[PDB]
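Only the coordinates and a few stated rules stand behind these numbers; no lab work does. Cβ placement follows ideal geometry from the backbone for every residue including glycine, while neighbour counts extend to all protein chains displayed.
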Amino acid sequence: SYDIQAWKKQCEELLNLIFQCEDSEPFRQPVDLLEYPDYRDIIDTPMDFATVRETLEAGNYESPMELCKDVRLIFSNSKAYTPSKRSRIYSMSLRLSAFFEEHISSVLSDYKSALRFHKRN
Ligand SMILES: CCc1nncn1CCNC(=O)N1CCN(C(=O)c2ccc(C)s2)CC1
């Protein structure tokens with residue numbers, strides 16, 4: 001299955017599933033700097049799932065590896081900002097990360113396989 005472009009719709013469908021997950025609710029929009037006034041002293045690069053979806057739809061990802069780096073940044077930002085391991089929003093991030101990693105693994109493998117096939121000769 002050597003379609004070099006297939007990752008994009010695969011990533012659109014996975015973002016749809018993430019938006020249906022109740023665990024995604026805190027990550028569907030950029031963090032509110034009014035409620036978390038110290039957020040940007042800790043977090044150098046804010047990221048959220050609406051920004052990832054807009055970047056994809058604008059044609060501003062070249063590969064699913066780039067999309068994966070931004071999604072992983074959502075989760076590392078949560079882990080760095082959490083005042084506790086036993087916090088609600090952080091705990092939701094860990095379940096959502098497990099779900100995302102379970103689903104992205106085939107998208108990445110198929111893409112890298114397709115690119116190797118394109119440069120086989
Ligand atoms: C637009 C407002 C809105 N309306 N519905 C949801 N959101 C969420 C917006 N994002 C946000 O405000 N968040 C707080 C920071 N955060 C964290 O990862 C944290 C880690 C542990 C903590 C104690 S907070 C990410 C979620």
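Quick notes
- Taking the charge dipole of the chain about its Cα centre, with +1 at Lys and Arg Cβ atoms and -1 at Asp and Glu Cβ atoms, the residue from 1, 71, 27 reaching farthest to the positive side is 1.
- The calculated 222 nm mean residue ellipticity attributable to helices in the chain amounts to -20500 deg cm²/dmol, summing -39500 (n - 2.57) over DSSP H runs of n ≥ 4 and dividing by all residues.
- Residues within the reach of a label modelled at residue 89 (point 7 angstrom out along Cα to beta-carbon, backbone nitrogen below 15 Å), restricted to the stretch 44-75, are 44-50, 74-75.
- In sequence order, calculated HN-Hα J values of the stretch 56-73 (Karplus, 6.51, -1.76, 1.60; Hz; x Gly/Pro): 4, 5, 6, x, 10, 10, 8, 8, x, 4, 5, 4, 4, 4, 5, 5, 4, 5
- Environment charge at residue 34 (Cβ cut-off 15 Å; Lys +1, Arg +1, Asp -1, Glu -1): -3
- The string of couplings for the stretch 99-109 from the Karplus curve (6.51, -1.76, 1.60, θ = phi - 60°) is 4, 4, 5, 4, 8, 6, 4, 5, 4, 5, 4 Hz, one whole number per residue in order, with x for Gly and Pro.
- Förster radius 22 Å - calculated FRET efficiency between residue 50 and residue 9 (Cβ-Cβ, nearest 0.05): 0.75
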